[PDB]
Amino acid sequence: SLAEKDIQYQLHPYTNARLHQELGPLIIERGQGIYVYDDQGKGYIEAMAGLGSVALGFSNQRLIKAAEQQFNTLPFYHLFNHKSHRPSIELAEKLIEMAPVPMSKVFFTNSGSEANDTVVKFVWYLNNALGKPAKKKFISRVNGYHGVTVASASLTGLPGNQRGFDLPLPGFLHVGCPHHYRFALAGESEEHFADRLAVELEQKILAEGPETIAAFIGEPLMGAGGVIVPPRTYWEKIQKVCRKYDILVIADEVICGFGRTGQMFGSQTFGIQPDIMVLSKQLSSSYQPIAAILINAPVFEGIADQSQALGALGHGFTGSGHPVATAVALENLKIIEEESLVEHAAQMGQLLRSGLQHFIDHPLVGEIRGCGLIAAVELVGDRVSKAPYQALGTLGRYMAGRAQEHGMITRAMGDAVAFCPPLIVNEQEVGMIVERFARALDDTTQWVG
């Protein structure tokens, strides 16, 4: 069977390989709109838009035709050694012109992981160029997600990405997860919590030596880490501390980018003025692997000078700016703008968050959080202590399983069940997401007894 071939031949990401050999895969055969279907014909609402990525859903014919048109023109070329092609140029123009702060240049990669890995290299290159060879350390947050390369998994603050992999590398430092529900002191306001987090960062900078800190990287809100919305004034106060010590501010917009948070960028929603932005996922509705780094004028000018001194910029992926991936991403961004999907997502997000808020006084619901069209419900075994049932992740695993039985694919991040549906979701579809959540919660409540 196809399931037997999968067990025989494929090592799965983010999977227990031994349990996989026993249970085998859930094979997804086809998709349309917000739905995917398994090889048994069962339909599921993809309430996660795959990996928070399939902005236009699973059957956008404009994207598919844009791919075809580019395939029949030039199915591959590269950007190395002054070579270029129209789709990379037009996408770079569109990204610079839509940027929420003045940006200078785009550098393309295949993945968010490659993009953040590239940012690490470009910052080291820059500070070598500027004659600041000590100015190399990165600061990220506990539970931040920045990808899975040796370097980007060192930026990542999730233990699952580091345990067994000898990470983080030296020079990749982590400050606190800005989650008020878990880390605020008894009776501390969001603004007081923000103050204390800004103090933690400043103290980290001073303890390490300000001259040794190159950059601070953060997702405007933390996606994979559990839909962690930072406290009011966090980004204002963190940026003050960064500007104080000449530290680059990198906005990882891989999840927030292109209308997820109710504005085009999380940087807009949270008032971030980044030096560098990283984009992926919704950039192409994941129809093609592509990511993009936006760098501002000072970062470009330093890198450009050093590329002249060293002969050429000694960095690039075969797939960097791939003409089919860039053609698809260009068409994707045009549809998001033409169909007013940022404002549509914002409206659908209000319906999603209001629907979930009906469950705020349920005995297993610890917290409901989110912004725009991304949300999470954190389940607890006890609301007073905020303790898990059995161990962190038991409730989340059972909930996600019940949601799948009720025809909805959701992701558990510990005991948080996440929602990140396609931007094209309609009002009754939001209603059906909340209904399938409710059925899964009922099942989980009966199970915990």
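Throughout, we count residues from 1 along the sequence that is shown.
Stretch comparison (34 to 42 versus 381 to 389) by mean CA B-factor in the PDB entry places 381 to 389 on top. As recorded in the PDB entry, 181 to 189 is the stretch of 181 to 189 and 306 to 314 with the greater mean C-alpha temperature factor. As recorded in the PDB entry, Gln273 shows the highest C-alpha B-factor of the residues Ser84, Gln273, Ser320, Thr73. Comparing C-alpha B-factors across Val342, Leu201, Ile255, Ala375 in the deposited entry, the largest value falls on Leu201.
Per the PDB record, residue ranking by Cα B-factor puts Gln162 in the middle third of the chain.
For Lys281, the recorded CA temperature factor ranks within the lowest third of the chain's modelled residues. In the PDB entry, a CA B factor belonging to the lowest third of its chain's modelled residues is recorded for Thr118. The entry lists a Cα temperature factor for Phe138 that places it in the middle third of the chain's modelled residues. In this PDB entry, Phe107 carries a Cα temperature factor that places it within the lowest third of its chain's modelled residues.
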